[PDB]
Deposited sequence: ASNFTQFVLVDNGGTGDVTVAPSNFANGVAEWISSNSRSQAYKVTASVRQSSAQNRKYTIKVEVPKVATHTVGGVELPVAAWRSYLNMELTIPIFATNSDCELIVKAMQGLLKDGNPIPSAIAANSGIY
């Protein structure tokens, strides 16, 4: 009865998609890994805290390797800070803002996916 479930990290629209499965939950940090080896696996990592009096802070980390062993890993680090005063609709709005930030034709994902810069 928890969110700690496997999900499709990279959706390739078929059999080639990447699925990360729950691996570990220690120190409030949930970790998903792919079925690949330790050096070949995608790694998602999420945690949340209310250490501050005003905010929930989600810490999300994604490790994207490139096939080779991994020749390299790309690291994504998200820090989402949500005031505790925020309702469910507000948090849905925040999730929509994050989703539309990386919408496929948008500036920032276009700069990232085309290796170029912003502006």
If I number the deposited sequence starting at 1, which residue ranges have no C-alpha coordinates at all?
69 to 78
